[PDB]
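Okay, so here's just one chain, in structure tokens, the form deposited in one PDB entry.
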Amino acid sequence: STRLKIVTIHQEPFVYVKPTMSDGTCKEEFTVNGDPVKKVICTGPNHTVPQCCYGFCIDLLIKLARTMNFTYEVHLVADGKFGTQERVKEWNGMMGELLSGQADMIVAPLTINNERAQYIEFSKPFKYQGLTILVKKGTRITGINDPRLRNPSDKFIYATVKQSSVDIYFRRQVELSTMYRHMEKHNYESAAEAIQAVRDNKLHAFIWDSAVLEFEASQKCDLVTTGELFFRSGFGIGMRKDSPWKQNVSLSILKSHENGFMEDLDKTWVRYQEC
């Protein structure tokens, strides 16, 4: 009947965003084994214009749309954010768009957490992840229990992104009190700057989402992730409560974990051999 409004956000390798060619089409590209890269037009801010979206999440959308037989239009979130609750409390970003009806589904690396789940519903997770630690190659940190994290000094500086979900996690547990006070002093304004600081040896360890950090390490051989994951979670498709789509989207995702499909998406988008 009517096309679902899909909202997404720019985050490689889940969603790449590139300009259209001069004729308005998306450049034809192929995988190493000759398969066409599937691309969709996604409108959004560069001024709102049609752009080209592809990646793990786009391939997943396409699989869901074809399996469940729905049609869709994809756009990039207008304010460029995942969504937090803020005073004007109302959700902004993709959460706000989903709740307002500007979107019908959020298809993106959207972490399942208590706060969001109070307002929306999630599919079963299409990818598992957690927090991990990004360091310079050669640096050894066992995880959140490493003595250089538990007993901080300026000889080994670690941090996360100010006001992020990570910042909030450390703030909330008394046993991490000592780590939180160190981080509160070194936290960065954005993940990109924290990542650069590790490359530049101004930050010894950056604590962040594993799906982000592992992707950085796969592309930049002077960086690596280290240690046991902690605060595990999953990424799910977001829908308003009592969605007609949730059950079948969840069943498709579970089937895909079990039949190789999700693994094929990981081989296609997440796995590299440069480093």
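All residue numbers are counted from 1 along the displayed sequence.
- For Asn69, the record comparison shows coordinates present in all the other entries of this protein that model its neighbours, with no third of them leaving it out.
- Compared with other PDB entries of the same protein, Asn46 is missing from at least a third of those that resolve the residues around it.
- Coordinates are absent for 4 to 9 residues of the deposited sequence placed between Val88 and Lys89.
- Unmodelled residues of the deposited sequence between neighbouring positions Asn46 and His47 number 4 to 9.
- Legend: mean Cα B-factor per stretch from the PDB entry, 102-110 versus 174-182; the higher mean is in 174-182.
- Here 53-61 and 37-45 are compared by their mean Cα B-factor, and 37-45 comes out higher.
- Of the candidates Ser165, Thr160, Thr71, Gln129, the deposited coordinates give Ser165 the top C-alpha B factor.
- Among all modelled residues in its chain, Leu265 ranks in the lowest third by Cα B-factor.
- The PDB entry assigns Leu229 a C-alpha temperature factor belonging to the middle third of its chain's modelled residues.
- When all modelled residues of the chain are sorted by CA temperature factor, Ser252 is found within the lowest third.
- Among the modelled residues of its chain, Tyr119 has a C-alpha B-factor that falls in the middle third, as given in the PDB entry.
- Among the modelled residues of the chain, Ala194 sits in the middle third by CA temperature factor in this PDB entry.
The protein also exists as the form deposited in another entry; that form is not presented, and the subsequent description refers to it.
- Splitting the chain into two rigid parts for the change between this form and the one not shown, with each C-alpha assigned to the part whose superposition fits it better, puts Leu251 and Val198 in separate parts.
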